[PDB]
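Okay, so here's the structure we're looking at.
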Amino acid sequence: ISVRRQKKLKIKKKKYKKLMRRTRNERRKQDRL
Amino acid sequence: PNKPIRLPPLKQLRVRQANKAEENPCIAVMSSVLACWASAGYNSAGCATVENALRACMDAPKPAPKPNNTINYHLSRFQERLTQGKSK
Amino acid sequence: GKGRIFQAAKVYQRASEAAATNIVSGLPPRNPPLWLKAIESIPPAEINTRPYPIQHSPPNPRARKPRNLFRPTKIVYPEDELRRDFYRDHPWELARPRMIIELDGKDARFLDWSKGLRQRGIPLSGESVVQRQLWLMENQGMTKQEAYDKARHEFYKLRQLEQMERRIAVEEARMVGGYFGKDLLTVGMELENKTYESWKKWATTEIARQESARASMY
Amino acid sequence: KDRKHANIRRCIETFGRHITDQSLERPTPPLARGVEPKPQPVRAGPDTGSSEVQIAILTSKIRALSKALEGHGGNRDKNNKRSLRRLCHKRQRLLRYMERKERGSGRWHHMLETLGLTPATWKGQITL
Amino acid sequence: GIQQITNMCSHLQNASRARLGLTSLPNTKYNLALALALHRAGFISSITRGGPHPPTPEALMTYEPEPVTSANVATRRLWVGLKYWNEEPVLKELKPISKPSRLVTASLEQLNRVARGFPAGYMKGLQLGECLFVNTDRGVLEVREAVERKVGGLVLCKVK
RNA sequence: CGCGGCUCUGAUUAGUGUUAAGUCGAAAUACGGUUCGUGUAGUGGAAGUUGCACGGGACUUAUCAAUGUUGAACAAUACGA
RNA sequence: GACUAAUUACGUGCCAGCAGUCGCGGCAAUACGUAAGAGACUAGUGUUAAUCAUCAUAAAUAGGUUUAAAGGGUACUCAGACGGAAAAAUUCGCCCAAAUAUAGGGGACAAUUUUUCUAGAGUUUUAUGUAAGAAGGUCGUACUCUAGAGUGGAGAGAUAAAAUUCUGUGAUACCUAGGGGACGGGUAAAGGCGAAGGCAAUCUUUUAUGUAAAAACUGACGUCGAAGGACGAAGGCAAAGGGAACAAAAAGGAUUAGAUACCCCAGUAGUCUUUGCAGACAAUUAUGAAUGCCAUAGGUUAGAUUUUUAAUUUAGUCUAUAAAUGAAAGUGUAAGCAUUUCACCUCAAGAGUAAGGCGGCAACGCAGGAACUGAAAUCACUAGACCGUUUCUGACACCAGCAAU
RNA sequence: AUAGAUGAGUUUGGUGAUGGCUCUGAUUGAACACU
Ligand SMILES: [K+]
Ligand SMILES: [K+]
Ligand SMILES: [K+]
Ligand SMILES: [K+]
Ligand SMILES: [K+]
Ligand SMILES: [K+]
Ligand SMILES: [K+]
Ligand SMILES: [K+]
Ligand SMILES: [K+]
Ligand SMILES: [K+]
Ligand SMILES: [Mg+2]
Ligand SMILES: [Mg+2]
Ligand SMILES: [Mg+2]
Ligand SMILES: [Mg+2]
Ligand SMILES: [Mg+2]
Ligand SMILES: [Mg+2]
Ligand SMILES: [Mg+2]
Ligand SMILES: [Mg+2]
Ligand SMILES: [Mg+2]
Ligand SMILES: [Mg+2]
Ligand SMILES: [Mg+2]
Ligand SMILES: [Mg+2]
Ligand SMILES: [Mg+2]
Ligand SMILES: [Mg+2]
Ligand SMILES: [Mg+2]
Ligand SMILES: [Mg+2]
Ligand SMILES: [Mg+2]
Ligand SMILES: [Mg+2]
Ligand SMILES: [Mg+2]
Ligand SMILES: [Mg+2]
Ligand SMILES: [Mg+2]
Ligand SMILES: [Mg+2]
Ligand SMILES: [Mg+2]
Ligand SMILES: [Mg+2]
Ligand SMILES: [Mg+2]
Ligand SMILES: [Mg+2]
Ligand SMILES: [Mg+2]
Ligand SMILES: [Mg+2]
Ligand SMILES: [Mg+2]
Ligand SMILES: [Mg+2]
Ligand SMILES: [Mg+2]
Ligand SMILES: [Mg+2]
Ligand SMILES: [Mg+2]
Ligand SMILES: [Mg+2]
Ligand SMILES: [Mg+2]
Ligand SMILES: [Mg+2]
Ligand SMILES: [Mg+2]
Ligand SMILES: [Mg+2]
Ligand SMILES: [Mg+2]
Ligand SMILES: [Mg+2]
Ligand SMILES: [Mg+2]
Ligand SMILES: [Mg+2]
Ligand SMILES: [Mg+2]
Ligand SMILES: [Mg+2]
Ligand SMILES: [Mg+2]
């Protein structure tokens, strides 16, 4: 996989990684960690 | 100690500067003039012989260019024989 | 593939078929090339078929998985061992020029080593000693050292007379008014003069160069 | 290292097939149906390749290594943890083959009781 | 084992691809059977078992090999004489059909159909020049030699 | 009647897809103007950015201060661009 | 319109509409809507839906995974597949050969088993060589802290330039005497060692493989290997130490239109030690492991043989090629010819995401979809152009000079 | 049972590949529209 197509996966993992952090307390309340 | 390697196949075996690069002579003479001014002084007496030497170069005519060194021609002949070969 | 598809071995096959029939169906085929019938009964030889090369020395019988089976072997004769021994005992025998330019190749037809070192067509050199040595060692059942001594000693006596003739030749020649040119000794010294003088010039220049280069250190 | 090569001599002199052919009562395995014994050439040298000798030598190596991993700071040596699992497995393949090859020979029981090689050493999977 | 025949088939391809005059093969009862078949069909020049070094080429057929006892059975080896004609090898391809992972067997009714350019089972029809060797109780015969003898069995290799 | 499963729905809230003509930056592709990606841990409206090790899918893109030779005279019926 | 047999005219003007796919329509449209003609099937003709085939497009027959979807981080190993030589017993597998064939024949091959063999795999003979690993101790260059009512007496350090900053409570600079932590200069190489991850100062202690040469020994004891278990970089979590240096974070000073940044003054976790958790990596040779095999050359690493000068030779490693192979780039001890076995792939996007579940202190890991929306995504090469790319070459393009706006 | 194995359009500035989509063939206990 070229670097150009690896950057499309790079922006998918960052947004998800950043999403789990943001919504970590919300998932801790509902016991969904 | 190992011996020199066998060069890989190159596009062209040659030397960039076939003929030596001649440095302007009195550029060094100017350095001496500047040096004396620093230590002795601008309006001094020991700088006469040094300053006069700088005026001597500009008046003198520049030497003529040397004959080209035909070294790249012979390197191209023995390229395929010396190295692994030619690439293209 | 940097190579190209060569078909030089099938020129007859390809050409013969092309000349079988005409391109205009319904006509007699035109006459073929003039060379088609010349090499009709001379097919090309087989190429590119690695055979078992000739074994000039017994192959290693212990090797269970031998390599380089299709590689030509080195040619070694019994003389090689003797030549190495002699020429190592007489290193200055190599300064004697020896011509390896064969005239007609028929030089081994008049060589009979039973007579002596002197032979027809070949000069007196280390080779004659080796061949003579080998002969005595084989025919006369002598040892390597014994045969070496005998033949070697004959070589000396023949060389002694050769050197004696030179001195006696020039000496006797002058007794009757015979003058010669510059000997090799004198000529050699002259060339050194021309070369030594050139070294003096270079030395003087570089010496002066360093002196001028030493003024800049201070 | 000096002991390592001194114990190998003890294993070749104790379990060597060239010494157990007379010390043991029934060294060879029992003959099969119809098979009749025949004379064979003598061994030119000492028997050092038999499974008994190999299994004995592996046992000496396993003890030295296993004894070095239980000493001070032995857990930190996590790279030789595979060396022990490779000797026990290498010994399992010789015991598993020597079992069915000897099929109860006196030469096979003398090694077990002497070295203490219990059935866990080869019957299943050695998990470490 | 069938793995030997597969190794033998692959080797003869490489040896012919390298345009070699001689070729060595491990001396086995199986390899010899297929070698005699290739020779009986006209693919290889000669067959002679010898040591790790090839016999005297000039006296290949006159070469008298020594007895094969247990003292030298490990060094014996079959020496095959490859054949080349018209700047082209005679044993170009030796694709195998019965591999160690699966032993493909053919019947007489299927071999009759394969010997005329018609597929049958896990095989394909034979075209001009192609040849198929089948290992039966009558030895390693050719598909057309097994059809006249009315037998079948293990299919070794397809020779083109 | 209890327990578990399953279906629909749920204030509130999240992600993603499509949509030429909006906005804010200019991150990547050239040494892309801070080498770029991998893992991991932080950080910032966003693209981004920082630490630590790692990969080349980036530097083999490499091209003389060894400066390059009176290597056996001359003359002859030998030799003769 | 082309695929797909068969044409013009007018109207409309990215509007109305056609469309299975690519597409057509913006004022002279062969594609839309009328008119005529033409091509074709015909009591049927088209369209929609579905099925097979197309599709080797889940490939048993019969695929593939370096750069395009796809090799597991690793190899010891249970199950399970597969695997030597020469004979023999049994099954009668396999074949004649069927009709799910009674009863027989044939013996190459196959299954279980027996007896022998040494070519695979191993053991012994302290190899040589070697940054695999681990324990207990030390060495040194620099750095840093304290002390000297040290010498010296106003600057120093930083940066493209500065600022914040250090200094008269005596700094930088040059020394003396102690203390304290982690680091590994040269050697050093296309070098080497381990299953990989990874391993480079030094002494002792301790550990498994591997390589060379000869003999001897066991006698197929072999290869791969789901799972389980073990190991696994940096970072991270937990506890107790350590704390010189470096440095996420937090914070300050500049730059800038703005500056989170890049740069700078400083600086906490952390890096280190011990005991556990964690298991993700461009964990790469973008190439699983192993076996059989195919022509040469030049280096190089550790040995061996020899007429040890220099050549043969075993096991590795790296360049350049032949045959060949490949989409090509290229490889050419393999990305070739074959084989064994395991893992993995089946258009893009959504997505390595959701839900349930397992593991974990947590971070997160394993495993793993569908809906909605598309006709394309994707790889190598070729020729150009561009480059705050290299080296050049022409031009009042520029330098310089004069004049002018 | 021995005649039975077939392609086309579409990615790119362009070429060769990879890989889907669609058409070409046959059919239905079919429906619908015009007849
Ligand atoms: K960047
Ligand atoms: K910050
Ligand atoms: K198009
Ligand atoms: K991976
Ligand atoms: K002080
Ligand atoms: K596993
Ligand atoms: K700031
Ligand atoms: K080599
Ligand atoms: K989802
Ligand atoms: K101008
Ligand atoms: Mg990929
Ligand atoms: Mg440690
Ligand atoms: Mg709701
Ligand atoms: Mg940028
Ligand atoms: Mg950049
Ligand atoms: Mg980075
Ligand atoms: Mg780049
Ligand atoms: Mg490059
Ligand atoms: Mg048409
Ligand atoms: Mg219409
Ligand atoms: Mg129309
Ligand atoms: Mg009808
Ligand atoms: Mg891998
Ligand atoms: Mg894993
Ligand atoms: Mg089997
Ligand atoms: Mg029978
Ligand atoms: Mg039978
Ligand atoms: Mg023996
Ligand atoms: Mg062996
Ligand atoms: Mg040693
Ligand atoms: Mg050893
Ligand atoms: Mg003082
Ligand atoms: Mg210290
Ligand atoms: Mg590494
Ligand atoms: Mg060092
Ligand atoms: Mg190694
Ligand atoms: Mg035996
Ligand atoms: Mg294994
Ligand atoms: Mg760690
Ligand atoms: Mg830690
Ligand atoms: Mg802590
Ligand atoms: Mg700092
Ligand atoms: Mg663990
Ligand atoms: Mg790594
Ligand atoms: Mg594996
Ligand atoms: Mg290396
Ligand atoms: Mg190469
Ligand atoms: Mg291939
Ligand atoms: Mg997908
Ligand atoms: Mg989940
Ligand atoms: Mg997964
Ligand atoms: Mg280009
Ligand atoms: Mg101007
Ligand atoms: Mg004006
Ligand atoms: Mg392009």
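For the structure tokens, the naming scheme is as follows: chains receive sequential letters (A, B, ...) according to their order of presentation, residues are indexed from 1 within each chain, and ligands are indexed from 1 in presentation order.
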Polymer residues at most 10 Å from residue 1 in chain C, only C-alpha atoms (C1' of nucleotides), same-chain spacing of 2 or more positions, as a PyMOL selection string: (chain C and resi 3-5) or (chain G and resi 322+324)
Close residues, range 78-84 of chain B itself excluded, 10 Å, only C-alpha atoms (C1' of nucleotides), min 3 positions apart in chain, as a list in words: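 Those residues are residues 5, 6, 7, 8, 9, 10, 11, 12, 13, 14, 73, 74, 75 and 87 of chain B; 297, 298, 319, 320 and 321 of chain G.
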Proximity to ligand 35 - best of G:186, G:360, G:332, G:252, only C-alpha atoms (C1' of nucleotides) and all ligand atoms: G:186
Give me, as a list in words, all polymer residues having an atom no more than 10 Å from residue 10 in chain A, counting only C-alpha atoms (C1' of nucleotides) and skipping those fewer than 6 positions away in the same chain.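 My reading of the contact set: residues 3 and 4 of chain A; 37 of chain F.
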Write down, as a ChimeraX atom specification, each residue of chain G that has any atom within 12 Å of an atom of chain C, counting only C-alpha atoms (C1' of nucleotides). /G:119,295-296,307,311-314,321-326,330,332
Write out as a ChimeraX atom specification each polymer residue (protein, DNA or RNA) that has an atom no more than 9 Å from ligand 30, with only C-alpha atoms (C1' of nucleotides) and all ligand atoms counted. /G:126-129
Pull N, CA and C atoms (P, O5', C5', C4', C3', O3' and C1' of nucleotides) from the residues just selected and write them as a PDB file, in the first residue's frame.
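Dumped to selection00.pdb:
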```pdb
ATOM      1  P     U G 126      37.996 -32.492  21.779  1.00  0.00           P
ATOM      2  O5'   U G 126      37.355 -31.654  22.971  1.00  0.00           O
ATOM      3  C5'   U G 126      35.945 -31.591  23.144  1.00  0.00           C
ATOM      4  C4'   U G 126      35.508 -30.305  23.801  1.00  0.00           C
ATOM      5  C3'   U G 126      35.767 -29.038  22.991  1.00  0.00           C
ATOM      6  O3'   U G 126      34.738 -28.081  23.238  1.00  0.00           O
ATOM      7  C1'   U G 126      36.951 -28.919  25.030  1.00  0.00           C
ATOM      8  P     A G 127      33.616 -27.804  22.122  1.00  0.00           P
ATOM      9  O5'   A G 127      34.461 -27.577  20.793  1.00  0.00           O
ATOM     10  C5'   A G 127      35.061 -26.321  20.516  1.00  0.00           C
ATOM     11  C4'   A G 127      36.354 -26.490  19.762  1.00  0.00           C
ATOM     12  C3'   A G 127      37.067 -25.213  19.351  1.00  0.00           C
ATOM     13  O3'   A G 127      37.818 -24.641  20.406  1.00  0.00           O
ATOM     14  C1'   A G 127      37.005 -26.707  17.521  1.00  0.00           C
ATOM     15  P     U G 128      37.733 -23.065  20.702  1.00  0.00           P
ATOM     16  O5'   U G 128      38.078 -22.394  19.301  1.00  0.00           O
ATOM     17  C5'   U G 128      39.384 -22.490  18.757  1.00  0.00           C
ATOM     18  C4'   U G 128      39.457 -21.895  17.374  1.00  0.00           C
ATOM     19  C3'   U G 128      38.891 -20.492  17.222  1.00  0.00           C
ATOM     20  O3'   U G 128      39.797 -19.482  17.627  1.00  0.00           O
ATOM     21  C1'   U G 128      38.069 -21.862  15.485  1.00  0.00           C
ATOM     22  P     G G 129      39.291 -18.254  18.528  1.00  0.00           P
ATOM     23  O5'   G G 129      38.173 -17.561  17.634  1.00  0.00           O
ATOM     24  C5'   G G 129      38.489 -16.995  16.374  1.00  0.00           C
ATOM     25  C4'   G G 129      37.242 -16.591  15.633  1.00  0.00           C
ATOM     26  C3'   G G 129      36.256 -15.738  16.412  1.00  0.00           C
ATOM     27  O3'   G G 129      36.611 -14.370  16.466  1.00  0.00           O
ATOM     28  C1'   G G 129      35.094 -17.489  15.355  1.00  0.00           C
TER      29        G G 129
END
```
Exercise answer, 10 Å around ligand 2 with only C-alpha atoms (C1' of nucleotides) and all ligand atoms, as a list in words: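 Written in the requested form, the residues are residues 43, 44, 49 and 50 of chain F; 248, 249, 250, 251, 260 and 261 of chain G.
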Define the interface residues of chain H facing chain E as those within 12 Å, counting only C-alpha atoms (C1' of nucleotides), and report them as a list in words.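 Using only C-alpha atoms (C1' of nucleotides), chain H residues at most 12 Å from chain E: residues 2, 3, 4 and 5 of chain H.
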Those same residues - N, CA, C and O atoms (P, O5', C5', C4', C3', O3' and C1' of nucleotides) - I'd like them written as a PDB file, in the first residue's frame.
```pdb
ATOM      1  P     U H   2     -18.142 -38.144 -26.455  1.00  0.00           P
ATOM      2  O5'   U H   2     -18.435 -37.545 -27.900  1.00  0.00           O
ATOM      3  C5'   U H   2     -17.781 -36.364 -28.350  1.00  0.00           C
ATOM      4  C4'   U H   2     -17.298 -36.499 -29.774  1.00  0.00           C
ATOM      5  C3'   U H   2     -18.132 -37.416 -30.666  1.00  0.00           C
ATOM      6  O3'   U H   2     -18.143 -36.921 -32.004  1.00  0.00           O
ATOM      7  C1'   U H   2     -15.919 -38.226 -30.558  1.00  0.00           C
ATOM      8  P     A H   3     -19.480 -36.293 -32.636  1.00  0.00           P
ATOM      9  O5'   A H   3     -19.395 -34.752 -32.253  1.00  0.00           O
ATOM     10  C5'   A H   3     -19.846 -34.284 -30.989  1.00  0.00           C
ATOM     11  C4'   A H   3     -19.351 -32.888 -30.708  1.00  0.00           C
ATOM     12  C3'   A H   3     -19.434 -31.923 -31.888  1.00  0.00           C
ATOM     13  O3'   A H   3     -19.701 -30.603 -31.417  1.00  0.00           O
ATOM     14  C1'   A H   3     -17.192 -32.121 -31.202  1.00  0.00           C
ATOM     15  P     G H   4     -21.204 -30.149 -31.080  1.00  0.00           P
ATOM     16  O5'   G H   4     -21.061 -29.321 -29.728  1.00  0.00           O
ATOM     17  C5'   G H   4     -20.678 -29.966 -28.519  1.00  0.00           C
ATOM     18  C4'   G H   4     -19.833 -29.073 -27.649  1.00  0.00           C
ATOM     19  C3'   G H   4     -18.745 -28.297 -28.382  1.00  0.00           C
ATOM     20  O3'   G H   4     -18.533 -27.050 -27.725  1.00  0.00           O
ATOM     21  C1'   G H   4     -17.747 -29.717 -26.792  1.00  0.00           C
ATOM     22  P     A H   5     -17.851 -25.822 -28.499  1.00  0.00           P
ATOM     23  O5'   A H   5     -17.005 -25.088 -27.369  1.00  0.00           O
ATOM     24  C5'   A H   5     -17.641 -24.619 -26.187  1.00  0.00           C
ATOM     25  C4'   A H   5     -16.650 -24.374 -25.079  1.00  0.00           C
ATOM     26  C3'   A H   5     -15.467 -23.488 -25.458  1.00  0.00           C
ATOM     27  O3'   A H   5     -15.088 -22.683 -24.344  1.00  0.00           O
ATOM     28  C1'   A H   5     -14.673 -25.580 -24.728  1.00  0.00           C
TER      29        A H   5
END
```
Might you pull out every residue within 12 Å of residue 56 in chain F, with only C-alpha atoms (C1' of nucleotides) counted and same-chain residues fewer than 3 positions away left off, and present them as a PyMOL selection string? (chain A and resi 3) or (chain F and resi 35-38+59) or (chain G and resi 282+284+286)
What does the structure give for the distance between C1' of residue 301 in chain G and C1' of residue 188 in chain G, in Å to one decimal? 14.3 Å
Please return as an MDAnalysis selection string the residues found within 8 Å of ligand 1, counting only C-alpha atoms (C1' of nucleotides) and all ligand atoms. chainID F and resid 27:28 34 36
Taking only C-alpha atoms (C1' of nucleotides) and all ligand atoms and a cut-off of 12 Å, can you tell me which residues surround ligand 52, written as a ChimeraX atom specification? /G:381-385
Residues just named, written with N, CA and C atoms (P, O5', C5', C4', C3', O3' and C1' of nucleotides) as a PDB file, in the first residue's frame:
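The file below, part-v4.pdb, is the result:
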```pdb
ATOM      1  P     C G 381       8.026   1.662 -12.088  1.00  0.00           P
ATOM      2  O5'   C G 381       7.925   1.846 -13.667  1.00  0.00           O
ATOM      3  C5'   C G 381       8.680   1.022 -14.541  1.00  0.00           C
ATOM      4  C4'   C G 381       8.081   0.956 -15.923  1.00  0.00           C
ATOM      5  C3'   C G 381       8.271   2.185 -16.795  1.00  0.00           C
ATOM      6  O3'   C G 381       9.544   2.232 -17.412  1.00  0.00           O
ATOM      7  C1'   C G 381       6.026   1.457 -16.929  1.00  0.00           C
ATOM      8  P     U G 382      10.237   3.644 -17.735  1.00  0.00           P
ATOM      9  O5'   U G 382       9.350   4.241 -18.912  1.00  0.00           O
ATOM     10  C5'   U G 382       9.355   3.651 -20.201  1.00  0.00           C
ATOM     11  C4'   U G 382       8.449   4.393 -21.148  1.00  0.00           C
ATOM     12  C3'   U G 382       8.689   5.889 -21.252  1.00  0.00           C
ATOM     13  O3'   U G 382       9.760   6.203 -22.122  1.00  0.00           O
ATOM     14  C1'   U G 382       6.377   5.479 -20.999  1.00  0.00           C
ATOM     15  P     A G 383      10.848   7.315 -21.720  1.00  0.00           P
ATOM     16  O5'   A G 383      10.210   8.674 -22.240  1.00  0.00           O
ATOM     17  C5'   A G 383       9.871   8.837 -23.607  1.00  0.00           C
ATOM     18  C4'   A G 383       8.906   9.976 -23.796  1.00  0.00           C
ATOM     19  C3'   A G 383       9.280  11.275 -23.107  1.00  0.00           C
ATOM     20  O3'   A G 383      10.242  12.027 -23.824  1.00  0.00           O
ATOM     21  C1'   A G 383       7.010  10.787 -22.683  1.00  0.00           C
ATOM     22  P     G G 384      10.852  13.367 -23.184  1.00  0.00           P
ATOM     23  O5'   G G 384       9.712  14.452 -23.413  1.00  0.00           O
ATOM     24  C5'   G G 384       9.697  15.653 -22.661  1.00  0.00           C
ATOM     25  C4'   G G 384       8.289  16.133 -22.432  1.00  0.00           C
ATOM     26  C3'   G G 384       8.119  17.214 -21.375  1.00  0.00           C
ATOM     27  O3'   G G 384       8.382  18.515 -21.869  1.00  0.00           O
ATOM     28  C1'   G G 384       6.530  15.497 -21.021  1.00  0.00           C
ATOM     29  P     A G 385       9.521  19.433 -21.205  1.00  0.00           P
ATOM     30  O5'   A G 385       8.751  20.246 -20.073  1.00  0.00           O
ATOM     31  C5'   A G 385       7.581  20.988 -20.379  1.00  0.00           C
ATOM     32  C4'   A G 385       6.600  20.971 -19.235  1.00  0.00           C
ATOM     33  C3'   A G 385       7.135  21.464 -17.898  1.00  0.00           C
ATOM     34  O3'   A G 385       7.108  22.875 -17.776  1.00  0.00           O
ATOM     35  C1'   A G 385       6.042  19.400 -17.585  1.00  0.00           C
TER      36        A G 385
END
```
Shell of 7 Å around ligand 35 (only C-alpha atoms (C1' of nucleotides) and all ligand atoms), written as JSON, numbers by chain: {"G": [184, 185, 186, 200]}
Could you save the residues just selected, with N, CA, C and O atoms (P, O5', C5', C4', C3', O3' and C1' of nucleotides), as a PDB file, in the first residue's frame?
```pdb
ATOM      1  P     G G 184      24.955   3.695  25.385  1.00  0.00           P
ATOM      2  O5'   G G 184      26.414   3.558  24.764  1.00  0.00           O
ATOM      3  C5'   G G 184      27.003   4.639  24.050  1.00  0.00           C
ATOM      4  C4'   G G 184      28.508   4.574  24.091  1.00  0.00           C
ATOM      5  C3'   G G 184      29.108   3.291  23.524  1.00  0.00           C
ATOM      6  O3'   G G 184      30.369   3.570  22.919  1.00  0.00           O
ATOM      7  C1'   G G 184      29.692   3.487  25.800  1.00  0.00           C
ATOM      8  P     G G 185      30.451   3.976  21.367  1.00  0.00           P
ATOM      9  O5'   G G 185      31.713   4.942  21.295  1.00  0.00           O
ATOM     10  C5'   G G 185      31.552   6.352  21.299  1.00  0.00           C
ATOM     11  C4'   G G 185      32.841   7.061  20.972  1.00  0.00           C
ATOM     12  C3'   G G 185      33.810   6.315  20.069  1.00  0.00           C
ATOM     13  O3'   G G 185      33.474   6.439  18.697  1.00  0.00           O
ATOM     14  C1'   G G 185      34.975   7.273  21.907  1.00  0.00           C
ATOM     15  P     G G 186      33.294   5.139  17.770  1.00  0.00           P
ATOM     16  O5'   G G 186      34.774   4.803  17.287  1.00  0.00           O
ATOM     17  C5'   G G 186      35.577   5.786  16.651  1.00  0.00           C
ATOM     18  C4'   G G 186      37.038   5.561  16.939  1.00  0.00           C
ATOM     19  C3'   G G 186      37.592   4.213  16.505  1.00  0.00           C
ATOM     20  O3'   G G 186      38.001   4.204  15.149  1.00  0.00           O
ATOM     21  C1'   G G 186      38.205   4.637  18.752  1.00  0.00           C
ATOM     22  P     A G 200      23.574  -3.818  23.698  1.00  0.00           P
ATOM     23  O5'   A G 200      25.142  -3.657  23.486  1.00  0.00           O
ATOM     24  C5'   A G 200      25.740  -4.029  22.250  1.00  0.00           C
ATOM     25  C4'   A G 200      27.243  -3.941  22.304  1.00  0.00           C
ATOM     26  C3'   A G 200      27.791  -2.586  22.740  1.00  0.00           C
ATOM     27  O3'   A G 200      29.010  -2.766  23.457  1.00  0.00           O
ATOM     28  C1'   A G 200      28.541  -3.069  20.558  1.00  0.00           C
TER      29        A G 200
END
```
List the neighbours of residue 1 in chain A out to 12 Å using only C-alpha atoms (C1' of nucleotides); skip same-chain residues closer than 6 positions along the sequence, and give me the result as a PyMOL selection string. (chain A and resi 7-9) or (chain F and resi 37+57) or (chain G and resi 66-70+282+286+378-379)
Dump the neighbourhood of ligand 23 as a PyMOL selection string: all residues within 10 Å, distances computed on only C-alpha atoms (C1' of nucleotides) and all ligand atoms. chain G and resi 71-74+283-288
Could you jot down the CA of residue 110 in chain C to CA of residue 154 in chain C separation for me, Å, one decimal place?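 Spanning CA of residue 110 in chain C to CA of residue 154 in chain C is a straight-line distance of 20.0 Å.
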Residues of chain C within 7 Å of chain F, counting only C-alpha atoms (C1' of nucleotides), what are they? List them as a PyMOL selection string. chain C and resi 187-188+191+195
As a PDB file with N, CA and C atoms, in the first residue's frame, please: the residues near residue 127 in chain C (cut-off 10 Å, only C-alpha atoms (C1' of nucleotides), same-chain neighbours under 6 positions excluded).
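Output file selection28.pdb is given in full below:
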```
ATOM      1  N   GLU C  79      56.213 -32.290 -16.161  1.00  0.00           N
ATOM      2  CA  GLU C  79      57.260 -31.292 -16.334  1.00  0.00           C
ATOM      3  C   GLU C  79      57.029 -30.069 -15.457  1.00  0.00           C
ATOM      4  N   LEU C  82      58.943 -30.114 -12.359  1.00  0.00           N
ATOM      5  CA  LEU C  82      60.380 -29.988 -12.568  1.00  0.00           C
ATOM      6  C   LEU C  82      60.761 -28.577 -12.997  1.00  0.00           C
ATOM      7  N   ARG C  83      59.998 -27.984 -13.917  1.00  0.00           N
ATOM      8  CA  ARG C  83      60.290 -26.617 -14.337  1.00  0.00           C
ATOM      9  C   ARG C  83      60.313 -25.674 -13.144  1.00  0.00           C
ATOM     10  N   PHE C  86      63.671 -26.250 -11.098  1.00  0.00           N
ATOM     11  CA  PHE C  86      64.879 -25.761 -11.752  1.00  0.00           C
ATOM     12  C   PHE C  86      64.925 -24.238 -11.747  1.00  0.00           C
ATOM     13  N   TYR C  87      63.887 -23.603 -12.292  1.00  0.00           N
ATOM     14  CA  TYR C  87      63.896 -22.153 -12.440  1.00  0.00           C
ATOM     15  C   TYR C  87      63.934 -21.438 -11.100  1.00  0.00           C
ATOM     16  N   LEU C 117      71.646 -32.732 -24.193  1.00  0.00           N
ATOM     17  CA  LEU C 117      70.899 -31.489 -24.047  1.00  0.00           C
ATOM     18  C   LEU C 117      70.735 -30.792 -25.390  1.00  0.00           C
ATOM     19  N   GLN C 133      66.072 -34.337 -17.995  1.00  0.00           N
ATOM     20  CA  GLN C 133      65.875 -34.911 -16.669  1.00  0.00           C
ATOM     21  C   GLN C 133      64.759 -35.946 -16.687  1.00  0.00           C
TER      22      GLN C 133
END
```
Can you check which residues of chain G have any atom within 6 Å of chain D? Use only C-alpha atoms (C1' of nucleotides) and format it as JSON, numbers by chain. {"G": [76, 78, 123, 124, 133, 134, 208, 216, 217, 218, 221, 229]}
